[PDB]
file structure.txt (compact mmCIF, C-alpha atoms (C1' of nucleotides) and all ligand atoms)
# COMPACT_ATOMS: atom_id res chain seq x y z
CA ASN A 14 -2.55 -11.11 -18.49
CA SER A 15 -1.88 -10.02 -14.83
CA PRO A 16 -1.00 -12.28 -11.85
CA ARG A 17 -4.06 -14.18 -10.58
CA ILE A 18 -4.63 -13.97 -6.78
CA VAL A 19 -6.63 -16.73 -5.11
CA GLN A 20 -7.17 -17.01 -1.37
CA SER A 21 -9.15 -18.98 1.20
CA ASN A 22 -12.45 -17.38 2.13
CA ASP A 23 -11.17 -17.49 5.72
CA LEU A 24 -8.74 -14.69 4.87
CA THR A 25 -11.31 -12.70 2.88
CA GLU A 26 -13.37 -12.74 6.10
CA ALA A 27 -10.52 -12.57 8.66
CA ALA A 28 -10.25 -9.76 11.25
CA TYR A 29 -7.13 -7.62 10.89
CA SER A 30 -5.91 -4.08 10.33
CA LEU A 31 -3.42 -3.48 7.47
CA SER A 32 -2.51 -0.42 5.42
CA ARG A 33 -2.73 -0.19 1.65
CA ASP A 34 1.05 -0.82 1.27
CA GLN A 35 0.94 -3.84 3.57
CA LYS A 36 -1.99 -5.35 1.71
CA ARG A 37 -0.17 -4.87 -1.60
CA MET A 38 2.79 -6.82 -0.27
CA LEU A 39 0.49 -9.51 1.19
CA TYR A 40 -0.83 -10.25 -2.31
CA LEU A 41 2.68 -11.12 -3.50
CA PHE A 42 3.38 -13.27 -0.43
CA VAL A 43 0.21 -15.25 -1.04
CA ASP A 44 1.36 -15.62 -4.67
CA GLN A 45 4.83 -16.97 -3.79
CA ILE A 46 3.53 -19.30 -1.06
CA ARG A 47 0.82 -20.80 -3.28
CA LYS A 48 3.30 -21.67 -6.07
CA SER A 49 4.96 -24.68 -4.38
CA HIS A 56 7.11 -24.83 1.79
CA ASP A 57 8.47 -22.87 4.78
CA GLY A 58 6.95 -19.37 4.87
CA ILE A 59 10.05 -17.52 3.62
CA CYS A 60 9.29 -14.93 0.92
CA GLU A 61 11.30 -12.19 -0.81
CA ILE A 62 10.56 -8.77 -2.34
CA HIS A 63 12.67 -6.93 -4.91
CA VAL A 64 12.48 -3.13 -4.85
CA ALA A 65 12.76 -2.72 -8.64
CA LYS A 66 9.97 -5.25 -9.43
CA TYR A 67 7.60 -3.73 -6.85
CA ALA A 68 8.13 -0.33 -8.45
CA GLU A 69 7.24 -1.64 -11.93
CA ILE A 70 4.18 -3.54 -10.73
CA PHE A 71 2.66 -0.56 -8.91
CA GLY A 72 4.00 2.32 -11.06
CA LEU A 73 6.31 3.87 -8.42
CA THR A 74 9.79 5.32 -8.59
CA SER A 75 12.62 3.31 -7.04
CA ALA A 76 12.92 5.78 -4.15
CA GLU A 77 9.23 5.71 -3.25
CA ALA A 78 9.14 1.91 -3.61
CA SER A 79 12.04 1.71 -1.16
CA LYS A 80 10.16 4.01 1.25
CA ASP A 81 6.92 2.07 0.93
CA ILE A 82 8.50 -1.35 1.53
CA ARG A 83 10.66 -0.15 4.45
CA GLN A 84 7.86 1.54 6.41
CA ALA A 85 5.26 -1.19 5.64
CA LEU A 86 7.65 -3.94 6.90
CA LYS A 87 8.37 -2.17 10.24
CA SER A 88 4.67 -1.69 10.89
CA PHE A 89 3.90 -5.42 10.76
CA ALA A 90 5.37 -5.91 14.25
CA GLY A 91 2.68 -6.70 16.72
CA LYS A 92 -0.05 -7.18 14.09
CA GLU A 93 -2.41 -10.18 14.51
CA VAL A 94 -4.86 -11.94 12.22
CA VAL A 95 -7.93 -13.48 13.85
CA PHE A 96 -9.90 -16.30 12.17
CA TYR A 97 -13.45 -16.79 13.53
CA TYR A 109 -11.85 -17.05 17.10
CA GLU A 110 -8.15 -17.88 16.60
CA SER A 111 -5.29 -15.29 16.56
CA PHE A 112 -1.82 -15.49 14.92
CA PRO A 113 0.95 -12.98 14.28
CA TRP A 114 1.75 -12.38 10.64
CA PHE A 115 5.58 -12.52 11.14
CA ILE A 116 7.63 -14.63 13.55
CA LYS A 117 11.03 -12.95 12.87
CA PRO A 118 11.97 -9.42 11.73
CA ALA A 119 12.52 -8.73 8.01
CA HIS A 120 16.03 -8.11 6.68
CA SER A 121 17.96 -7.16 3.53
CA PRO A 122 20.49 -9.80 2.37
CA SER A 123 21.36 -7.61 -0.58
CA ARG A 124 20.80 -4.03 -1.65
CA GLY A 125 17.28 -3.85 -3.12
CA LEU A 126 16.09 -7.18 -1.66
CA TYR A 127 14.07 -7.99 1.39
CA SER A 128 13.60 -11.44 2.90
CA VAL A 129 10.60 -12.15 5.12
CA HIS A 130 9.42 -14.95 7.44
CA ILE A 131 5.66 -15.45 7.27
CA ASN A 132 4.16 -17.44 10.18
CA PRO A 133 4.17 -21.02 8.80
CA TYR A 134 0.98 -21.80 10.71
CA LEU A 135 -0.83 -19.35 8.37
CA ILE A 136 -0.16 -21.33 5.16
CA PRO A 137 -3.24 -23.61 5.41
CA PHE A 138 -5.40 -20.48 5.94
CA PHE A 139 -4.02 -19.04 2.72
CA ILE A 140 -4.70 -22.08 0.51
CA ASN A 144 -13.25 -25.50 -2.28
CA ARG A 145 -14.49 -22.21 -0.94
CA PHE A 146 -12.14 -19.50 -2.22
CA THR A 147 -11.89 -15.95 -3.55
CA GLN A 148 -10.07 -14.99 -6.74
CA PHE A 149 -9.23 -11.78 -8.59
CA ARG A 150 -6.48 -10.55 -10.89
CA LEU A 151 -3.90 -8.21 -9.36
CA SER A 152 -4.66 -5.49 -11.93
CA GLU A 153 -8.19 -5.27 -10.46
CA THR A 154 -6.86 -3.86 -7.18
CA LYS A 155 -3.62 -2.07 -7.99
CA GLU A 156 -5.23 1.43 -8.29
CA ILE A 157 -7.37 1.32 -5.13
CA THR A 158 -6.07 3.66 -2.43
CA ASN A 159 -8.19 3.27 0.70
CA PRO A 160 -7.45 -0.10 2.36
CA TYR A 161 -11.07 -0.43 3.49
CA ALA A 162 -12.05 -0.21 -0.15
CA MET A 163 -9.68 -3.13 -0.79
CA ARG A 164 -11.39 -5.17 1.96
CA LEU A 165 -14.78 -4.50 0.39
CA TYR A 166 -13.67 -5.47 -3.11
CA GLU A 167 -12.33 -8.80 -1.88
CA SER A 168 -15.59 -9.62 -0.10
CA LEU A 169 -17.64 -8.94 -3.20
CA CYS A 170 -15.30 -11.06 -5.35
CA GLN A 171 -16.05 -13.92 -2.96
CA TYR A 172 -19.63 -13.85 -4.34
CA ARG A 173 -18.78 -13.26 -7.98
CA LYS A 174 -20.16 -15.48 -10.73
CA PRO A 175 -18.20 -16.51 -13.87
CA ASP A 176 -19.90 -13.68 -15.83
CA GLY A 177 -18.74 -11.19 -13.22
CA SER A 178 -22.05 -10.36 -11.51
CA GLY A 179 -23.25 -11.05 -8.00
CA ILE A 180 -25.44 -9.90 -5.11
CA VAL A 181 -24.74 -10.09 -1.34
CA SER A 182 -26.06 -8.60 1.91
CA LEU A 183 -23.43 -7.76 4.51
CA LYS A 184 -24.37 -7.08 8.13
CA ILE A 185 -23.10 -3.78 9.50
CA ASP A 186 -21.76 -5.15 12.82
CA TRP A 187 -19.91 -7.81 10.89
CA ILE A 188 -18.30 -5.14 8.64
CA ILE A 189 -17.19 -3.12 11.66
CA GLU A 190 -15.70 -6.22 13.35
CA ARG A 191 -14.01 -7.97 10.38
CA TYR A 192 -12.55 -4.87 8.72
CA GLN A 193 -11.86 -3.24 12.14
CA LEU A 194 -13.33 0.14 11.18
CA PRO A 195 -12.43 2.95 13.66
CA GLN A 196 -14.70 3.72 16.57
CA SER A 197 -16.37 6.87 15.31
CA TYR A 198 -17.85 4.94 12.39
CA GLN A 199 -20.24 3.34 14.88
CA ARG A 200 -22.24 6.55 14.36
CA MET A 201 -24.11 5.77 11.13
CA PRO A 202 -23.79 9.22 9.42
CA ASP A 203 -19.99 8.95 9.79
CA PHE A 204 -20.13 5.33 8.50
CA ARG A 205 -22.03 6.57 5.42
CA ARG A 206 -19.90 9.62 4.74
CA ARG A 207 -16.29 8.47 5.36
CA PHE A 208 -16.42 4.69 4.59
CA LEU A 209 -19.47 3.59 2.52
CA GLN A 210 -19.79 6.44 0.01
CA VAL A 211 -15.99 6.78 -0.44
CA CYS A 212 -15.26 3.08 -1.01
CA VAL A 213 -18.12 2.52 -3.43
CA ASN A 214 -16.83 5.49 -5.42
CA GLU A 215 -13.26 4.10 -5.55
CA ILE A 216 -14.46 0.71 -6.83
CA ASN A 217 -16.61 2.39 -9.44
CA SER A 218 -13.64 4.61 -10.55
CA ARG A 219 -10.61 2.38 -10.09
CA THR A 220 -11.75 -1.21 -10.90
CA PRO A 221 -13.68 -2.84 -13.79
CA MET A 222 -16.67 -3.47 -11.42
CA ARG A 223 -19.88 -1.38 -11.40
CA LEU A 224 -21.36 -1.28 -7.90
CA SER A 225 -24.71 -0.12 -6.43
CA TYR A 226 -26.31 -0.61 -3.01
CA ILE A 227 -29.41 -0.09 -0.82
CA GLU A 228 -29.90 0.07 2.95
CA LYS A 229 -31.87 -2.46 4.98
CA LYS A 230 -33.55 -0.98 8.09
CA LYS A 231 -35.17 -2.40 11.25
CA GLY A 232 -37.12 0.24 13.13
CA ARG A 233 -34.93 3.36 12.99
CA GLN A 234 -31.61 1.40 12.72
CA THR A 235 -29.90 0.37 9.49
CA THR A 236 -28.70 -3.22 9.92
CA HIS A 237 -27.43 -4.55 6.56
CA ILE A 238 -26.13 -3.21 3.27
CA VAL A 239 -27.17 -5.04 0.06
CA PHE A 240 -24.64 -4.78 -2.80
CA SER A 241 -25.28 -5.54 -6.48
CA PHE A 242 -22.58 -5.51 -9.14
CA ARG A 243 -21.89 -6.50 -12.73
CA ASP A 244 -18.79 -6.38 -14.88
CA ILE A 245 -18.07 -3.72 -17.50
CA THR A 246 -16.82 -6.42 -19.91
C1' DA B 1 -33.76 9.21 24.52
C1' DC B 2 -33.42 8.02 19.45
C1' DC B 3 -32.46 9.19 14.19
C1' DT B 4 -30.44 12.12 10.21
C1' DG B 5 -26.72 15.48 7.75
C1' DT B 6 -23.03 19.26 7.87
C1' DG B 7 -19.21 22.37 9.36
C1' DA B 8 -14.75 22.44 11.73
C1' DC B 9 -10.58 20.93 13.16
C1' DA B 10 -6.79 17.17 13.98
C1' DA B 11 -4.10 13.52 12.36
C1' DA B 12 -2.71 10.66 8.75
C1' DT B 13 -1.53 9.66 4.01
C1' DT B 14 -0.78 10.81 -0.60
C1' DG B 15 2.68 11.55 -4.89
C1' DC B 16 6.64 14.87 -5.12
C1' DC B 17 11.39 16.70 -4.61
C1' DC B 18 16.55 16.54 -3.50
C1' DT B 19 21.09 14.20 -1.69
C1' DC B 20 24.49 11.02 -1.73
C1' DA B 21 26.88 6.38 -1.33
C1' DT C 1 25.25 6.25 -14.73
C1' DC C 2 21.47 3.78 -12.77
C1' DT C 3 19.67 2.12 -7.88
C1' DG C 4 17.82 2.79 -3.66
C1' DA C 5 18.25 4.49 1.12
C1' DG C 6 17.85 8.45 3.37
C1' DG C 7 15.91 13.40 4.62
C1' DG C 8 12.14 16.39 3.69
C1' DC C 9 7.50 18.93 1.59
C1' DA C 10 2.28 20.83 0.64
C1' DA C 11 -2.13 19.46 -0.81
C1' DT C 12 -5.86 15.94 0.25
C1' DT C 13 -8.21 12.25 2.62
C1' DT C 14 -9.63 10.13 6.78
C1' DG C 15 -11.09 10.18 11.83
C1' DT C 16 -13.70 12.90 15.43
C1' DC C 17 -17.21 15.60 17.63
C1' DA C 18 -20.41 19.83 18.30
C1' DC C 19 -24.58 21.43 16.67
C1' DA C 20 -29.22 21.99 13.84
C1' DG C 21 -33.41 19.82 13.04
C1' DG D 1 26.52 1.29 -3.52
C1' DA D 2 27.08 -1.92 -7.52
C1' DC D 3 28.14 -2.76 -12.12
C1' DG D 4 30.47 -1.90 -16.90
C1' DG D 5 32.94 0.46 -20.38
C1' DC D 6 37.22 3.07 -21.15
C1' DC D 7 41.92 4.92 -20.97
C1' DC D 8 46.07 4.46 -18.59
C1' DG D 9 50.73 2.30 -18.21
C1' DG D 10 53.92 -1.88 -18.72
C1' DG E 1 51.73 0.50 -33.18
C1' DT E 2 49.08 -3.20 -30.49
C1' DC E 3 47.54 -5.77 -26.16
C1' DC E 4 46.00 -8.21 -21.69
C1' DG E 5 44.97 -6.14 -16.75
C1' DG E 6 43.63 -2.83 -13.37
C1' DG E 7 41.23 0.46 -11.69
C1' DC E 8 39.04 5.10 -11.71
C1' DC E 9 34.60 7.38 -13.33
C1' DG E 10 29.62 8.32 -15.23
MG MG F 301 -4.66 3.84 7.79
MG MG F 302 4.35 6.44 0.29
MG MG F 303 -11.36 8.68 -2.86
MG MG F 304 -31.93 27.84 9.25
MG MG F 305 -34.88 19.89 19.48
call {"tool": "encode", "arguments": {"input": "structure.txt", "output": "structure tokens", "more": "lines below"}}
Ligand SMILES: [Mg+2]
Ligand SMILES: [Mg+2]
Ligand SMILES: [Mg+2]
Ligand SMILES: [Mg+2]
Ligand SMILES: [Mg+2]
result
Amino acid sequence: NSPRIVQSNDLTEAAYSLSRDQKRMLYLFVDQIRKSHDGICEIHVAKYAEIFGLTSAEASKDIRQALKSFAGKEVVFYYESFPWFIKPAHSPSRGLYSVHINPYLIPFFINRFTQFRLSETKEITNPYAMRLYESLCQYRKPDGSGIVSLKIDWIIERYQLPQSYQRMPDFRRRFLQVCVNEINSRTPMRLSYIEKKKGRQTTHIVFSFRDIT
DNA sequence: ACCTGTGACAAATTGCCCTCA
DNA sequence: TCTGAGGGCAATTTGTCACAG
DNA sequence: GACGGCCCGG
DNA sequence: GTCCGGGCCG
């Protein structure tokens, strides 16, 4: 039914820091780009609102503030860094935004790949819970199940978690427990996990999931 | 020294509301 | 009249650190 | 602000 | 009474 996002594993595993609104827009950019190019995409306020169940006003606010906050953002592929945009965004017409994605990023967008339908992610709120759902999809099987062990240092680096989550009780309480709850409540996935320890330190997290269909 | 969890507070983000070209 | 670009809001979540054990 | 029905006057 | 054309309004 819904638009089918596919992306290079290099992006699933890239290091960057984007908000929920920015990541929502990035899914549509990757969709335009892949159907073809020169990096130039476009966003209509009224279509965004319908896709994500917003009013026109709040869609306008979300697009406007998301687009200004891209300035200065980098993406790092492991170790190579690029800016997302190489020119500011602009409105040719009322309700329309035109954007210039760094053309050197196209090959990184487009066989080791990750794929999910846009409806799977459109209710998630915390952007770190979006990062986690993409990584698990990367290991999904046709029947929708999978199992993967992610190393904690790699999570902190790739998703760029904030500094106080280097204390493990804060990592548990404000990132791990919250994002596993969102996935279980807001997606069709059913997710469980266990901690892997070495001495007194927890080093990896092992995720198992299956599909509710 | 290390490990855990919880209570407090600060800062950020959420869906809402109203105006007006 | 419908759109969307502005200005705001309070209630909640997310980010930080002191303290018990 | 942009777009379409509607009532004016010639 | 009718009609093409503008141009104000919801
Ligand atoms: Mg944030
Ligand atoms: Mg918002
Ligand atoms: Mg939550
Ligand atoms: Mg006591
Ligand atoms: Mg003691």
call {"tool": "atom_distance", "arguments": {"input": "structure.txt", "atom1": "atom CA of residue 76 of chain A", "atom2": "atom CA of residue 120 of chain A"}}
result
17.9 Å
call {"tool": "residues_near_ligand", "arguments": {"input": "structure.txt", "ligand": "ligand MG 301 (chain F)", "cutoff": "9 Å", "atoms": "all atoms listed in the file", "output": "list in words"}}
result
residues 30, 31, 32, 33, 159, 160 and 161 of chain A; 12 and 13 of chain B; 14 of chain C
call {"tool": "residues_around", "arguments": {"input": "structure.txt", "residues": "segment 2-7 of chain C", "least_positions_apart": "2", "cutoff": "7 Å", "atoms": "all atoms listed in the file", "output": "list in words"}}
result
residues 75, 76, 79 and 125 of chain A
call {"tool": "closest_residue", "arguments": {"input": "structure.txt", "among": "A:34, A:124, A:14, A:146", "to": "chain D", "atoms": "all atoms listed in the file"}}
result
A:124
call {"tool": "residues_near_point", "arguments": {"input": "structure.txt", "point": "(-15.6, 7.9, 12.5)", "cutoff": "12 Å", "atoms": "all atoms listed in the file", "output": "PyMOL selection string"}}
result
(chain A and resi 189+193-209) or (chain C and resi 14-17)
call {"tool": "write_last_selection", "arguments": {"input": "structure.txt", "atoms": "C-alpha atoms (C1' of nucleotides)", "output": "mmCIF file, in the coordinates of the input"}}
result
data_model
loop_
_atom_site.group_PDB
_atom_site.id
_atom_site.type_symbol
_atom_site.label_atom_id
_atom_site.label_comp_id
_atom_site.auth_asym_id
_atom_site.auth_seq_id
_atom_site.Cartn_x
_atom_site.Cartn_y
_atom_site.Cartn_z
ATOM 1 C CA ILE A 189 -17.190 -3.120 11.660
ATOM 2 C CA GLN A 193 -11.860 -3.240 12.140
ATOM 3 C CA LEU A 194 -13.330 0.140 11.180
ATOM 4 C CA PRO A 195 -12.430 2.950 13.660
ATOM 5 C CA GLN A 196 -14.700 3.720 16.570
ATOM 6 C CA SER A 197 -16.370 6.870 15.310
ATOM 7 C CA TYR A 198 -17.850 4.940 12.390
ATOM 8 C CA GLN A 199 -20.240 3.340 14.880
ATOM 9 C CA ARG A 200 -22.240 6.550 14.360
ATOM 10 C CA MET A 201 -24.110 5.770 11.130
ATOM 11 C CA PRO A 202 -23.790 9.220 9.420
ATOM 12 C CA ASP A 203 -19.990 8.950 9.790
ATOM 13 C CA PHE A 204 -20.130 5.330 8.500
ATOM 14 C CA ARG A 205 -22.030 6.570 5.420
ATOM 15 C CA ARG A 206 -19.900 9.620 4.740
ATOM 16 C CA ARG A 207 -16.290 8.470 5.360
ATOM 17 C CA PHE A 208 -16.420 4.690 4.590
ATOM 18 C CA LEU A 209 -19.470 3.590 2.520
ATOM 19 C "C1'" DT C 14 -9.630 10.130 6.780
ATOM 20 C "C1'" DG C 15 -11.090 10.180 11.830
ATOM 21 C "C1'" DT C 16 -13.700 12.900 15.430
ATOM 22 C "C1'" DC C 17 -17.210 15.600 17.630
#
call {"tool": "residues_near_ligand", "arguments": {"input": "structure.txt", "ligand": "ligand MG 302 (chain F)", "cutoff": "7 Å", "atoms": "only C-alpha atoms (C1' of nucleotides) and all ligand atoms", "output": "ChimeraX atom specification"}}
result
/A:77,80-81 /B:14
call {"tool": "residues_near_ligand", "arguments": {"input": "structure.txt", "ligand": "ligand MG 305 (chain F)", "cutoff": "12 Å", "atoms": "all atoms listed in the file", "output": "list in words"}}
result
residues 1 and 2 of chain B; 19, 20 and 21 of chain C
call {"tool": "closest_residue", "arguments": {"input": "structure.txt", "among": "A:117, A:74, A:109, A:216", "to": "chain C", "atoms": "only C-alpha atoms (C1' of nucleotides)"}}
result
A:74
call {"tool": "residues_near_ligand", "arguments": {"input": "structure.txt", "ligand": "ligand MG 303 (chain F)", "cutoff": "7 Å", "atoms": "only C-alpha atoms (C1' of nucleotides) and all ligand atoms", "output": "list in words"}}
result
residues 211, 214 and 215 of chain A
call {"tool": "write_last_selection", "arguments": {"input": "structure.txt", "atoms": "C-alpha atoms", "output": "mmCIF file, in the frame of the given file"}}
result
data_model
loop_
_atom_site.group_PDB
_atom_site.id
_atom_site.type_symbol
_atom_site.label_atom_id
_atom_site.label_comp_id
_atom_site.auth_asym_id
_atom_site.auth_seq_id
_atom_site.Cartn_x
_atom_site.Cartn_y
_atom_site.Cartn_z
ATOM 1 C CA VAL A 211 -15.990 6.780 -0.440
ATOM 2 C CA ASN A 214 -16.830 5.490 -5.420
ATOM 3 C CA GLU A 215 -13.260 4.100 -5.550
#
call {"tool": "residues_around", "arguments": {"input": "structure.txt", "residues": "segment 180-186 of chain A", "least_positions_apart": "6", "cutoff": "6 Å", "atoms": "all atoms listed in the file", "output": "PDB file with C-alpha atoms, in the frame of the given file"}}
result
ATOM      1  CA  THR A 236     -28.700  -3.220   9.920  1.00  0.00           C
ATOM      2  CA  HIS A 237     -27.430  -4.550   6.560  1.00  0.00           C
ATOM      3  CA  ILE A 238     -26.130  -3.210   3.270  1.00  0.00           C
ATOM      4  CA  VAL A 239     -27.170  -5.040   0.060  1.00  0.00           C
ATOM      5  CA  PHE A 240     -24.640  -4.780  -2.800  1.00  0.00           C
ATOM      6  CA  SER A 241     -25.280  -5.540  -6.480  1.00  0.00           C
TER       7      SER A 241
END
call {"tool": "atom_distance", "arguments": {"input": "structure.txt", "atom1": "atom CA of residue 244 of chain A", "atom2": "atom CA of residue 28 of chain A"}}
result
27.7 Å
call {"tool": "closest_residue", "arguments": {"input": "structure.txt", "among": "A:27, A:126, A:157, A:59", "to": "chain C", "atoms": "only C-alpha atoms (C1' of nucleotides)"}}
result
A:126
call {"tool": "atom_distance", "arguments": {"input": "structure.txt", "atom1": "atom CA of residue 246 of chain A", "atom2": "atom CA of residue 212 of chain A"}}
result
21.2 Å
call {"tool": "axis_aligned_box", "arguments": {"input": "structure.txt", "around": "segment 1-6 of chain E", "padding_each_side": "8 Å", "output": "lines of an AutoDock Vina configuration file"}}
result
center_x = 47.7
center_y = -3.9
center_z = -23.3
size_x = 24.1
size_y = 24.7
size_z = 35.8
call {"tool": "residues_near_point", "arguments": {"input": "structure.txt", "point": "(30.0, 0.7, -1.4)", "cutoff": "9 Å", "atoms": "only C-alpha atoms (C1' of nucleotides)", "output": "list in words"}}
result
residues 21 of chain B; 1 and 2 of chain D
call {"tool": "write_last_selection", "arguments": {"input": "structure.txt", "atoms": "C-alpha atoms (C1' of nucleotides)", "output": "PDB file, in the frame of the given file"}}
result
ATOM      1  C1'  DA B  21      26.880   6.380  -1.330  1.00  0.00           C
TER       2       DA B  21
ATOM      3  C1'  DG D   1      26.520   1.290  -3.520  1.00  0.00           C
ATOM      4  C1'  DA D   2      27.080  -1.920  -7.520  1.00  0.00           C
TER       5       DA D   2
END
call {"tool": "closest_residue", "arguments": {"input": "structure.txt", "among": "A:152, A:49, A:21, A:121", "to": "chain C", "atoms": "all atoms listed in the file"}}
result
A:121
call {"tool": "residues_around", "arguments": {"input": "structure.txt", "residues": "residue 131 of chain A", "least_positions_apart": "4", "cutoff": "9 Å", "atoms": "only C-alpha atoms (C1' of nucleotides)", "output": "list in words"}}
result
residues 42, 57, 58, 59, 60, 113, 114, 115, 116, 117, 135 and 136 of chain A
call {"tool": "decode", "arguments": {"input": "structure.txt", "residues": "segment 157-168 of chain A", "atoms": "N, CA, C and O atoms", "output": "JSON list (two decimals), in the first residue's frame"}}
result
[["chain", "number", "residue", "atom", "x", "y", "z"],
["A", 157, "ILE", "N", 6.37, 6.79, 14.95],
["A", 157, "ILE", "CA", 7.46, 6.93, 15.90],
["A", 157, "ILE", "C", 7.74, 8.41, 16.19],
["A", 157, "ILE", "O", 7.66, 9.28, 15.30],
["A", 158, "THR", "N", 7.99, 8.72, 17.45],
["A", 158, "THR", "CA", 8.30, 10.09, 17.82],
["A", 158, "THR", "C", 9.77, 10.36, 18.14],
["A", 158, "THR", "O", 10.29, 11.41, 17.71],
["A", 159, "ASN", "N", 10.40, 9.54, 18.94],
["A", 159, "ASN", "CA", 11.79, 9.78, 19.30],
["A", 159, "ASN", "C", 12.71, 9.43, 18.13],
["A", 159, "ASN", "O", 12.64, 8.32, 17.60],
["A", 160, "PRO", "N", 13.59, 10.34, 17.69],
["A", 160, "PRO", "CA", 14.40, 10.01, 16.50],
["A", 160, "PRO", "C", 15.36, 8.87, 16.74],
["A", 160, "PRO", "O", 15.66, 8.12, 15.79],
["A", 161, "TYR", "N", 15.83, 8.69, 17.99],
["A", 161, "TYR", "CA", 16.67, 7.54, 18.31],
["A", 161, "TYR", "C", 15.88, 6.24, 18.16],
["A", 161, "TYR", "O", 16.45, 5.20, 17.82],
["A", 162, "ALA", "N", 14.57, 6.28, 18.37],
["A", 162, "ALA", "CA", 13.83, 5.07, 18.13],
["A", 162, "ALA", "C", 13.70, 4.79, 16.63],
["A", 162, "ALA", "O", 13.78, 3.63, 16.22],
["A", 163, "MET", "N", 13.66, 5.83, 15.80],
["A", 163, "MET", "CA", 13.77, 5.64, 14.36],
["A", 163, "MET", "C", 15.11, 5.00, 13.95],
["A", 163, "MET", "O", 15.13, 4.08, 13.13],
["A", 164, "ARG", "N", 16.23, 5.49, 14.50],
["A", 164, "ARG", "CA", 17.52, 4.90, 14.16],
["A", 164, "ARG", "C", 17.55, 3.41, 14.48],
["A", 164, "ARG", "O", 18.05, 2.60, 13.69],
["A", 165, "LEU", "N", 17.00, 3.04, 15.63],
["A", 165, "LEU", "CA", 17.00, 1.65, 16.05],
["A", 165, "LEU", "C", 16.14, 0.80, 15.13],
["A", 165, "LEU", "O", 16.50, -0.34, 14.81],
["A", 166, "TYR", "N", 14.98, 1.32, 14.72],
["A", 166, "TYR", "CA", 14.12, 0.50, 13.87],
["A", 166, "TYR", "C", 14.74, 0.27, 12.50],
["A", 166, "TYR", "O", 14.60, -0.84, 11.94],
["A", 167, "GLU", "N", 15.52, 1.22, 12.01],
["A", 167, "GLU", "CA", 16.16, 1.02, 10.72],
["A", 167, "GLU", "C", 17.23, -0.06, 10.83],
["A", 167, "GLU", "O", 17.36, -0.91, 9.94],
["A", 168, "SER", "N", 17.98, -0.06, 11.94],
["A", 168, "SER", "CA", 19.06, -1.02, 12.08],
["A", 168, "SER", "C", 18.51, -2.43, 12.17],
["A", 168, "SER", "O", 19.08, -3.36, 11.59]]
